[PDB]
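Everything below concerns the one structure shown next.
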Amino acid sequence: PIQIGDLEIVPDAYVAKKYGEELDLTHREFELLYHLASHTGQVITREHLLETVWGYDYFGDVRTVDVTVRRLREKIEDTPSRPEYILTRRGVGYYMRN
Ligand SMILES: [Zn+2]
């Protein structure tokens, strides 16, 4: 389990909580969230997130990652337009705050 600010990720139960309340994430949104929080503040490229979270039938289409991050941000960020949990590293990828 991972606790970051007001966010808690429970891998064994596939649940994410914000202010202690279970969030309504798709399986893919949870796996993205968990994958990001599992690298713990290291930057992950879009291609890397595709290969691990989506898989082979998704090789070229990095835009799926950006679309899913935006949807995840709307669900977990206090201010989705100024995110604090899921962070962008310009031109390389995404990472979870330390
Ligand atoms: Zn990884």
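We label chains A, B, ... in the order they appear in the structure tokens, count residues from 1 in each chain, and number ligands from 1 in the order shown.
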
- Task: Would you list, as a VMD selection string, the residues of chain A that end up in alpha helix (DSSP H) under DSSP run on this structure's backbone?
- Result: chain A and resid 27 to 39 46 to 49 63 to 76

What would the file look like if the residues just selected were written as a PDB file, in the first residue's frame with C-alpha atoms?
ATOM      1  CA  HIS A  27      -9.117  -0.975 -13.991  1.00  0.00           C
ATOM      2  CA  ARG A  28      -6.876   0.834 -16.477  1.00  0.00           C
ATOM      3  CA  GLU A  29      -6.956   4.082 -14.510  1.00  0.00           C
ATOM      4  CA  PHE A  30      -5.996   2.207 -11.347  1.00  0.00           C
ATOM      5  CA  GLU A  31      -3.151   0.341 -13.057  1.00  0.00           C
ATOM      6  CA  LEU A  32      -1.810   3.628 -14.452  1.00  0.00           C
ATOM      7  CA  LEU A  33      -2.069   5.271 -11.045  1.00  0.00           C
ATOM      8  CA  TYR A  34      -0.386   2.332  -9.314  1.00  0.00           C
ATOM      9  CA  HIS A  35       2.325   1.991 -11.949  1.00  0.00           C
ATOM     10  CA  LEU A  36       3.205   5.663 -11.531  1.00  0.00           C
ATOM     11  CA  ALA A  37       3.198   5.453  -7.739  1.00  0.00           C
ATOM     12  CA  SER A  38       5.243   2.222  -7.875  1.00  0.00           C
ATOM     13  CA  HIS A  39       8.210   3.973  -9.524  1.00  0.00           C
ATOM     14  CA  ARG A  46       4.472   7.325 -22.283  1.00  0.00           C
ATOM     15  CA  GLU A  47       5.877   4.430 -24.316  1.00  0.00           C
ATOM     16  CA  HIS A  48       6.831   2.656 -21.084  1.00  0.00           C
ATOM     17  CA  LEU A  49       3.339   3.157 -19.613  1.00  0.00           C
ATOM     18  CA  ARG A  63      -1.954   9.784 -26.968  1.00  0.00           C
ATOM     19  CA  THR A  64      -3.943   7.179 -25.028  1.00  0.00           C
ATOM     20  CA  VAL A  65      -1.641   7.808 -22.073  1.00  0.00           C
ATOM     21  CA  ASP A  66      -2.217  11.573 -22.113  1.00  0.00           C
ATOM     22  CA  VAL A  67      -5.993  11.087 -22.431  1.00  0.00           C
ATOM     23  CA  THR A  68      -5.999   8.640 -19.502  1.00  0.00           C
ATOM     24  CA  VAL A  69      -3.783  10.874 -17.343  1.00  0.00           C
ATOM     25  CA  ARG A  70      -6.221  13.742 -17.891  1.00  0.00           C
ATOM     26  CA  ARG A  71      -9.162  11.546 -16.858  1.00  0.00           C
ATOM     27  CA  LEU A  72      -7.198  10.268 -13.837  1.00  0.00           C
ATOM     28  CA  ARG A  73      -6.297  13.836 -12.895  1.00  0.00           C
ATOM     29  CA  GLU A  74      -9.956  14.859 -12.996  1.00  0.00           C
ATOM     30  CA  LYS A  75     -10.705  12.031 -10.541  1.00  0.00           C
ATOM     31  CA  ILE A  76      -7.799  12.402  -8.063  1.00  0.00           C
TER      32      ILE A  76
END

Based on the backbone DSSP call, show me all residues of stretch 62-94 of chain A assigned strand (DSSP E), as a CSV table (one decimal) with C-alpha atoms, in the first residue's frame.
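This went into out_10.csv:
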chain,number,residue,atom,x,y,z
A,86,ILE,CA,0.5,13.1,-11.2
A,87,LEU,CA,3.1,15.4,-12.6
A,88,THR,CA,4.3,16.1,-16.1
A,89,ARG,CA,8.0,16.1,-17.1
A,93,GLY,CA,6.6,11.7,-19.5
A,94,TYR,CA,4.9,11.6,-16.1

- Message: My list of candidates is A:83, A:91, A:11, A:41. Which is closest to ligand 1 when distances are computed with only C-alpha atoms and all ligand atoms?
- Response: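 Comparing A:83, A:91, A:11, A:41 against ligand 1, the winner is A:41.
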
- Query: So which one's closest to residue A:43, A:4, A:23, A:96, A:13? Using only C-alpha atoms, please.
  - Reply: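 Comparing A:4, A:23, A:96, A:13 against residue A:43, the winner is A:96.
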
- Task: Could you tell me which of A:90, A:77, A:44, A:97 comes closest to ligand 1 if we count only C-alpha atoms and all ligand atoms?
- Result: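 Answer, going by the shortest atom-to-atom distance: A:44.
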
- Message: Using only C-alpha atoms and all ligand atoms for the distances, tell me which of A:51, A:6, A:12, A:21 is nearest to ligand 1.
- Response: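 Selected residue with least distance to ligand 1: A:51.
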
- May I ask for the distance between atom CA of residue A:42 and atom CA of residue A:98, given in Å to one decimal place?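 About the pair atom CA of residue A:42 and atom CA of residue A:98: they are 9.0 Å apart.
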
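With distances taken over only C-alpha atoms, A:78 is the one residue among A:58, A:95, A:40, A:78 lying closest to residue A:19.
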
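Going from atom CA of residue A:20 to atom CA of residue A:85 covers 15.7 Å.
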
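As for atom CA of residue A:55 and atom CA of residue A:17, they are spaced 26.0 Å apart.
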